[PDB]
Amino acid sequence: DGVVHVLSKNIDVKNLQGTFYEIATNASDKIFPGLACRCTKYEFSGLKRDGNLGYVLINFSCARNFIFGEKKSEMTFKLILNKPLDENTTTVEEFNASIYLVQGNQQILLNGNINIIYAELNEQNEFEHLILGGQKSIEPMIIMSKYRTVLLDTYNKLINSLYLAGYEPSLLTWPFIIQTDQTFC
């Protein structure tokens, strides 16, 4: 049972919009865009439609550190929902999508199964915290927040959220969970 289930069902894809800050990731996420990033940032667009496709664009931006200086690094992704989405509703029982790399009209599938695992709604019915993950503990997982920092309490909840989702309790500390440096930026 190293297999992780979604906690947060019934997600209004409409309020998957605006800026989130990478708080922390597992190792498997550094493999593509994360490596050597500081001040990592996801500007999710809003929900968009091409016929029966629900999808959100993501602008990824970081200060990538090349030791003898930092270059800004920008890339667009496209989260496409795997199941088609009826135009009467904006809500899905589970957010389960294919993340593509996007440049002009060309697109390349990176992962066929990315999930919102956990979402905290705040007073104004919006996303304060998001955990994105695959169906397995070793597949790329990202903790992002409406804010650059979260108090130790928040962080232990988000980590406990990963547990109840079914991450090995052993993979919830330093070597396997890496804090993104959000300091200057």
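For every residue, the number given is its place in the sequence shown, counted from 1.
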Higher-scoring stretch by recorded Cα B factor average, 130-138 or 37-45: 130-138
Mean C-alpha B-factor comparison - 158-166 and 19-27, higher one: 158-166
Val6 - Cα temperature factor, lowest/middle/highest third of chain: middle
Where the record places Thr91 (Cα B-factor, split into thirds across the chain): middle
Assigned third (lowest, middle, highest) for the C-alpha B factor of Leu101: lowest
Third of the chain's Cα B-factor distribution that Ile67 belongs to, per the entry: highest
Cα B factor band for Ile80 (lowest, middle or highest third within the chain): lowest
